[PDB]
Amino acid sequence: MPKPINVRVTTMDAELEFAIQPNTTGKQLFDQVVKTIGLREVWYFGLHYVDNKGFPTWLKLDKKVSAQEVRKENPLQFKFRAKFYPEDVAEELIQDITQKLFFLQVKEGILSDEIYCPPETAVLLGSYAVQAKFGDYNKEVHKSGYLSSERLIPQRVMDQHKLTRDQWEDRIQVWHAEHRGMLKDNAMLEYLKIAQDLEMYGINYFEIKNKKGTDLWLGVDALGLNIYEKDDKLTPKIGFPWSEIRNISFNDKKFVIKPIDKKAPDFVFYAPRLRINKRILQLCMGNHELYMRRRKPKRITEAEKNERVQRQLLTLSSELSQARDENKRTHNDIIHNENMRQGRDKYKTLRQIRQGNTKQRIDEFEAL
């Protein structure tokens, strides 16, 4: 008789465990997961794991699980996570559950400093996260030390100020108090609205080279493709929006991006590993497809569209500058600050780097 396969899948805040048959496909597994947690916006998510060669991988849904070399272990371990991000969370996300999972996943990336976040923004987000978890601030309940166990802000942010842990608690509490009245769902959504303007938000980075062999980063996201210089992941230098892209493919380390303008030249770049190249290609195709479905079935920051959030950031900057230990800032801080000095934000930069012809942009790519 067919022996059942034990599988364990974790979401950002839940653990699921069930048995599947040897002939179970990824789709069958996937559907069981989403059905259990009540999630229907399935297009964003996937089952992530690490195969028996130590490689991070997304499960194929049209393919039996016991055929994709998942580690021979009991149970099989999967992580249910977002593989794709909406273009604008405020316009797209529908379900509380979907919002929450995005919120948790993005927050994890901020707190671990995988996603760069400037001090004031980090503090504010942390205060929205507190609201999301504890609800309304209550002096009777949330006495001094109620945040002591919390991972509130990135460690980098603490290092560059003259505040102690105890003092950071105080700071966040104050802003927690400002959010009084905000429902937890709305807290999480506001968290995402702010986070999505971050330079590194929603971006997968990959090491690539141009013709002459310059080490560069490729950035793949919901908006299009970005090119970065090797030491600056915050500021893309060249951009191609999905709207200018017709087709993505690769062959032996050579990527070829075909244009919608048949008169334009192909965008061509190089990437070393085959395993990595596969995931690059999936991320491009998936993001490209979602982009199209939104359009045929000038972005501004949250701060600029939400005067209340704008005032909060500004007030934060005021409170913090007096505690700022400037010779303790990191490389990304310094980069972010120069960008700000130049009057840049995520969307102004994207418009800037998308200027000119395809040929023109392809040429400066090679010149890098």
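Numbers for residues come from their place in the sequence shown, where the first is 1.
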Query raised in the report: Can you say how many deposited residues have no coordinates in the span between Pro297 and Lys298, choosing none, 1 to 3, 4 to 9, or 10 or more?
Result: 10 or more
Query raised in the report: Mean CA B-factor: is it higher for 218-226 or for 250-258?
Result: 250-258
Query raised in the report: Looking at the entry, does 57-65 or 40-48 show the higher mean C-alpha B-factor?
Result: 57-65
Query - Residue with highest C-alpha B-factor in the PDB entry, from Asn204, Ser112, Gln99, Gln167 - result: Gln167
Query raised in the report: Looking at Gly181, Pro75, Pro119, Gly239, which has the highest Cα B-factor in the entry?
Result: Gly181
**Report entry** Ranked C-alpha temperature factor of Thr349 among modelled chain residues, by third
**Finding:** lowest
Report task. Going by the recorded CA B-factors, say which third of the chain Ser149 sits in, lowest, middle or highest. Result -> highest
Query raised in the report: If you rank every modelled residue in this chain by C-alpha B factor, which third holds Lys328: lowest, middle or highest?
Result: highest
Report summary line: The third of the chain into which the C-alpha temperature factor of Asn138 falls is the highest
**Report entry** Among modelled residues of the same chain, the CA temperature factor third for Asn339
**Finding:** lowest
